[PDB]
Structures are given as structure tokens and as C-alpha cells.
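Colleague: first chunk of the complex, coordinates as they sit in the assembly:
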Amino acid sequence: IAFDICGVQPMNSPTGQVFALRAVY
Amino acid sequence: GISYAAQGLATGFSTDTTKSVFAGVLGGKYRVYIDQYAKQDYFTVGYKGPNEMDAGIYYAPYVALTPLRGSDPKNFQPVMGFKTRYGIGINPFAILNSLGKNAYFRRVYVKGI
Amino acid sequence: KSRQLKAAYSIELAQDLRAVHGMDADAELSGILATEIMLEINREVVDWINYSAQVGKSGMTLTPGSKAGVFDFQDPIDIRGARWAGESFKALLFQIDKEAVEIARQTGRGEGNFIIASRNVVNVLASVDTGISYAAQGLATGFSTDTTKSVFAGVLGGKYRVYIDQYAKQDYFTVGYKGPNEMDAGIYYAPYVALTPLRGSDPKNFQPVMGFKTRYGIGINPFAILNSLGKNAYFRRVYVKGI
């Protein structure tokens, strides 16, 4: 439930990685 | 309806307190949850897009509620427990590069309550 | 007499070995454990040989100008005036022939049939008799396709089957005799139980435990372990120096 306000992209292995749609700044 | 009182709970003399959920929606705008372990008094406002990649924070569960079992012959007592594995992430914003740096969230200490 | 080993391993690692590369995880650990307990038994057999073997390059096997028990590759007496390693290495095999004879004499059963030796010595002995000591070029060809380093290299001079002691302590070789009769070894290993599996967990966190236990017992020619330390006529132990 911890992630109801987070991205999850659950992994099928540790390490494992996620993507983030970061602005260029 | 920012925080659901659950009068039925009170009415029935604490039938099921369900203290594991979002309280409700503040102003019809913010889904709000109680930090049950807050150290003092504060609030944090955050953004979450429909695309999980637009959360600015990630939780990526791999393992959950793996039971532990057995017994410890030294006192011959039962072994029971639980393990999970998940991992977190924060949008880079450049943990060293995340402390007090996250554009998706703002936190304020609150006094006078 | 028994020996026992455990896996004592992490849950998460077992999970990842399977999840990441399709590895059989704990099954592989089991293979390691079976290997390790067998290697330890094997190491023990060698330790007993090197416990009980009589001191070699002694008595009937001494050169008058020798150093009593040590074959020094830099010593002109031991190497019989040899020129370079080529001749010197051969001089060692000659001392081995001398040890083999003393064994023959005392045992009354015939000269030494096999050798147990250190990596240094084996590499030396493998430098003579061309292809006799299995270098395992086929394994090298396949890039250590299956190392199998639990075997005898081969037969030196066509006479001594030579094995490498993976656990060699310093630098030595021991020449020993073995007849076709199981009663003609002078040393015995008589397995009763082998590779009995272990199954359990560490209660602090329920992490798994696997492993193996064996029972085999050992023996000697009576020789009269009170009567074996430095007394076993079937073997002669020589210290090696200078490699």
C-alpha cells in the first residue's frame, strides 16, 4: 500500500532498475 | 471527506479500526495519508503522474511476506517471521543526490497545532 | 570414523541464482559440498600417508654426501652433478627409484607403485617422460571445460602412478607400494556411509542448511597410530627443496 503514491515498475530480479521522466532542468 | 471518521467503527465500539489507509481526499484535490510514525508534526505535499515513471519516487517489489519458520532448541521456542525485498528509487534531481532535493515533493514543519 | 560439512547459505542468494541466470542454486551448493567432503577425506588419506610414512632419503637410500631426508635441487650431490633442470629433474626420479626399492625391501612385497606429491614436485616430475603426466590439454582447449582436478596425473617412468596433493603443505613427495590384493596396501580406507544429506535451517532467520556426512574409518598395516608415526614401510616421505 506504500506505493499507492509511488511508481512501482516491479522487478523480476533485484537489480533491477526503473525509469523516471525527469525534466531537462 | 478529507478524513473518514468511520462513525460505524465508534458506533459498534471499535469493530475494525482499519488504520492502514489513506484518510481521504483533501479539498477534493489531495489524497491524504497519516504518517503514523511522525516524529513531531509536519506535512509533505507530493505529485504523482498516471505514468509510474512520473512518480519521482519508486517502490519496485520483488519479494513479499516470505514466512520464516522453525524452532530454536536453546529454549526450544518457535521461529516465525517475515521477509520482503523491494528497493526504492528517487528521481535523480542532480540518496546523496536526493536529500532535500526532490522537485516532486515539498515538506513543512508544523508548529502551533 | 566420520566427517561432516554444511552449506549455511542465504535465502536471497538462492532466490537470485534461480531468478537471474536460471541456476539451480542450492543444488549447486550441494554439488560443492559433496565435492568438498570428498576432497577432505582424500586430504585425510594423504595426511595419514604423510604421517605414517617412514622418512625417506635415509638409511639405505642415502648418498654419502647427502643431507638426510631432503632432496635439494640446488645441491650437486642430490642432483648427482646434473646440468640444469633437465638432468636434475631426472636425478629426482632416480632418487624416487631408490625410495621405491627400500619400500620393496622392507615390505617384502615389491617396489613402490605410486607417488603422492606437491604441486612443485608434480610439475617437476611432469617435466620428464614427455606426455606421461596428464596436463589435460583437451580441458585447456575447451577453456577449463571440466577441470576434474581430483585424479592422478599419470605414470612416471611407466612405473609410478602419481597423484597431486591439492592441499600439499610445503614441498615433498612420498613413494608408496600397492599390491592387487586389497590386503596388500599397508593403509586402509573402508567406507561405510557416504554423502548422507543434511537438511535443516538456522532458526535465527530460518536460512537453509544443506550438506553431507560420511563414515568410513581407516587402518594401517600393524607395523609394530602408535605404531604408524614414521613407521609405515609401504611409504617413504622425502622433503623437497630447491624448486
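Modeller: Received it, and whenever you're ready, just let me know what you need. Numbers count the residues shown, from 1 in each chain, chains lettered A, B, ... in the order given.
Colleague: can you get me a residue count around the closest residue to chain C within chain A?
Modeller: Ranking the residues of chain A by distance to chain C (Cβ to the nearest Cβ) places residue A:13 first, at 5.1 Å. (Each C-beta comes from the backbone N, C-alpha and C, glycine too.) Residues near residue A:13, counting by other Cβ atoms under 10 Å in any protein chain shown, number 12.
Colleague: surely it meets residue C:16?
Modeller: Yes - taking contacts as Cβ atoms under 8 Å, residue A:13 lies within contact range of residue C:16: 6.8 Å.
Colleague: beta partners for the residue of chain A found nearest chain B?
Modeller: Per Cβ to the nearest Cβ, residue A:7 is where chain A lies closest to chain B, at 3.4 Å. Here residue A:7 sits in beta bridges with residue B:58, as judged by DSSP bridges.
Colleague: now do the phi/psi pair for the residue of chain A closest to chain C.
Modeller: The phi/psi pair for residue A:13 (degrees, to the nearest 10) reads phi -160, psi 160.
Colleague: OK, contacts around it?
Modeller: By Cβ atoms under 8 Å, 6 or more residues apart in numbering or on different chains, residue A:13 lies in contact with B:62, C:16, C:19-20.
Colleague: how about a cut-off of 10 Å?
Modeller: B:62, C:15-16, C:19-21 (Cβ atoms under 10 Å, 6 or more residues apart in numbering or on different chains).
Colleague: can you check residue A:15 too?
Modeller: Residue A:15 touches B:62, B:87, C:16, C:20, counting by Cβ under 10 Å, 6+ apart.
Colleague: tell me which two in those are the farthest apart.
Modeller: Maximum pairwise distance among these (Cβ to Cβ): 14.7 Å, between B:87 and C:20.
Colleague: can you get me a residue count around residue A:19?
Modeller: 13.
Colleague: same question for residue A:23.
Modeller: There are 7 residues near residue A:23, going by other Cβ under 10 Å.
Colleague: so who does it touch?
Modeller: Residue A:23 neighbours (Cβ under 10 Å, 6+ apart): B:91, B:93, B:103.
Colleague: equivalent analysis for residue A:12, please.
Modeller: Counted by Cβ under 10 Å, 6+ apart, residue A:12 has contacts B:60, B:62, C:19-20.
Colleague: likewise residue A:5?
Modeller: Counting by Cβ under 10 Å, 6+ apart, residue A:5 touches B:22, B:31, B:33, B:46-48, B:55, B:57, B:59.
Colleague: ok, now with 8 Å
Modeller: Contacts of residue A:5 by Cβ under 8 Å, 6+ apart are B:31, B:33, B:46, B:48, B:55, B:57.
Colleague: equivalent analysis for residue A:14, please.
Modeller: B:62, B:85, B:87, C:12, C:16.
Colleague: right, and out of the residues you listed, which lies closest to chain A?
Modeller: Looking across the contacts of residue A:14 and measuring by Cβ to the nearest Cβ, the closest to chain A is residue B:62, at 4.9 Å.
Colleague: so how far is stretch A:11-22 from its chain's centroid?
Modeller: 6 Å (Cα atoms, centre = their mean, to the nearest Å).
Colleague: here's chain D, add it to the model above:
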Amino acid sequence: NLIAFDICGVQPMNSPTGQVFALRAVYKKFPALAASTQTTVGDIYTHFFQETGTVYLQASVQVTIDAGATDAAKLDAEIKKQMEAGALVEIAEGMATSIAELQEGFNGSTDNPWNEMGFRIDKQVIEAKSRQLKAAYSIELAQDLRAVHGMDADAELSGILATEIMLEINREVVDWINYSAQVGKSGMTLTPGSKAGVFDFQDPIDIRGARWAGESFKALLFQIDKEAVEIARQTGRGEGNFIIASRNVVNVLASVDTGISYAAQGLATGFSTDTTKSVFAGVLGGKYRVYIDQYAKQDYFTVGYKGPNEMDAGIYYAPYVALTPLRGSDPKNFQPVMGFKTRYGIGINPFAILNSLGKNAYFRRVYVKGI
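Modeller: Okay, chain D now, added to the rest:
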């Protein structure tokens, strides 16, 4: 081209970061040999000589060692005499082994030492590190290679680059091995007159009494074996299985042991039909698969171990992407774009990059002089 990483665990990735596994290892008190001592055959006694420390001698003979030798000088003379006479025979670590075996056997008990395989078994996270090159060729060159020779122009450039990027990757693999390899000709692999980590072909001590290059070459091989032995000891997995070395060293090996490294004289005879110098030259002693480092900086050899298990290597390489082509042209002058990019990632048994430099149990690096 060929794969340097044929001697690495591979465990290929399907995602960078991304991980590999490795089989990481866990990591004389004899009463006295002195005046009046009556030794008894087979047992072991300790004597400290006035000169050159101690010896441990095992009796071959039951004998009283000069009960009147209360003067250590007399005693040394008598003990030496008994050794010279063959009554007492010297062994050092083997005695330590023997006393332990005696004590362990005699007092053996089940108690609670269930032992364990001496292995932690571990893992590393590795990124699919990239390497990339541009063909960077001109139109005019292409026009004339086609017009003059009937050549396929950029096709040749493409083949060269693909070869070069793979070669550079192989060069990197070798440098990582040399980086992590422990110093050789050190500790267990030293000789009394040694120069600490270097083999000098002109030095009688290093070359073990060898006559000229012919035998010094073989003496190098002896030092190689010493390194291989040390690797087996420290790894707990096995003898070095392969050699990576400089051109000088490879020529040293090719010049000895009849047929270990090959000239591949068919290629030479045919006028360099394909030099293929990305393949192990052959096998030293029938034991060590040997390869040439095209980029060796000075002169050196490295001995390393590789098991049959992909987890047993010290060095791991897990390819993700290979030879992704480039294409196009820059309109400012329209010169063409072509080339290649790869992604692979490496891992090194942790031995605790920072913890692999000069620390890797699987490899030993020795500097070479005198060739």
C-alpha cells in the same frame, strides 16, 4: 573477431545492472631434541641450534643424544652428528602437520564443529558499459576504392571498425585482469635470491642455473608454474589454466616445449591470409591456454585460473549489446556516418574495482626483464 572473454564467467545480461554470481571462498611444539634425549624411531623432536634457528627431526633411530652435552655448542655438534649419521631426519611444516594430526585424532569428538564448505558464494551488479566508434571515412575515398579496385568501400571500413571495436574491448578485458591480478613472484613464489615480482632472463638465480636463452625460457615456464600453484592455493579452486602475456613472453613460450604456442605457419606461408591474433596461441605444458596481449605496455606475464562453472572465474563478462551499426551523413559536407556501438559490463569477484586492484586471487602478474 574473437572473444577475449572466453576465459571469463559470462552470465550474459538482458538488462544492464544486471548482475553476476561468483563462487567466492570464505578465507612446531615438539617437546625437545636436546642433551640426554633418547629419541625413539618415528617420533619428532625440536632443537634450536645456536645458528640458523630450529629444526625438527624425526627419529629413524632410537638413540641418546649425548647426555653430557649441557653446553649448547656440544649439543649442536651432537645433534648435527646424529642427523649426518641419518639417525635424525629433518622435515619442517610436515611436522606441524603431523603433530596436529596426532592431537586431532586422539582427542577427536563430535562436540559441535559441524564444518562448512569454505565458500561464501556471492554476487555483483554490473552495468552494460558501452564502447563506441565512428568509421569517419570520406566520400572521395569511397569513390576511388570502388572506381580503382572494385572495392566495396565502406563495407571494408565497416569490417575494420567492427574488428577494432571488438579488439579494443578485448584490450580492456585484459587490462582489467592485469589491474586486479595480484603481484606474482611474491610471498610463496619467491626464491632466496629473487628480485620481488620480476623475472630476469639474464640472472642465474631467476633462471634456475639455466644456460642462455634456451633454458632461461624454460626457467620462465618454471616461474609460471610457481604462479599457477599460488593461484590454486589462494583461490581454493585450482591451478592457473591460462596465460595472458606480452609479445616477448609469447615468443619465449613459442620457442620452447615443442608445440605449445603456434605460429600458425599456414597463415604465414599463405602471406598473412588472416592473422587472427585474437585466439589463444595454444597451451603451455598442455596445461595453460595462452594468449597474446596486443597492447602489452612493456613486458610481463599473467597467470590465471578459470573453472568450468561460469561462477568460477574471478573475472566475469556479461554481453548485452554488440555491434549496433551507425548510419547517415553530416549534410554540412555530407560525409557519411557508419560505425558500431556495444554494451557489456564486467564483474570481478569482490575479494574485500576498489577491492580488486592487486587483490584478485585468480590471477598473478609478474614483470619481465632480460628477454
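Colleague: let's see the contacts of residue A:5 again after adding chain D.
Modeller: Here residue A:5 is in contact with B:31, B:33, B:46, B:48, B:55, B:57 (criterion: Cβ under 8 Å, 6+ apart).
Colleague: next one: residue A:7
Modeller: A:18, A:20, B:51-59, B:89.
Colleague: what do you get for residue A:8?
Modeller: B:52, B:58-61.
Colleague: for chain D, state which of the residues you listed is nearest.
Modeller: Using Cβ to the nearest Cβ, residue B:60 comes nearest to chain D of the contacts of residue A:8, at 12.9 Å.
Colleague: would you mind listing what in chain A touches chain D?
Modeller: A:13-17 (Cβ under 8 Å from any Cβ of the partner chain).
Colleague: please redo it, this time with the cut-off set to 6 Å
Modeller: A:15, A:17 (Cβ under 6 Å from any Cβ of the partner chain).
Colleague: neighbours of residue A:16, how many?
Modeller: With other Cβ under 10 Å as criterion, residue A:16 counts 21.
Colleague: and what of residue A:18?
Modeller: Counted by other Cβ under 10 Å, the residues lying close to residue A:18 total 20.
Colleague: isn't it up against residue A:9?
Modeller: Yes - applying Cβ atoms under 6 Å, one finds residue A:18 in contact with residue A:9, separated by 4.5 Å.
Colleague: and the end-to-end length of stretch A:10-17?
Modeller: In stretch A:10-17, first residue to last residue: 9 Å (Cα to Cα, to the nearest Å).
Colleague: try stretch A:2-9
Modeller: OK, stretch A:2-9 end separation, Cα to Cα: 14 Å.
Colleague: can you check stretch A:12-25 too?
Modeller: Stretch A:12-25 has an end-to-end distance of 32 Å (Cα to Cα).
Colleague: right, I'll leave it there.
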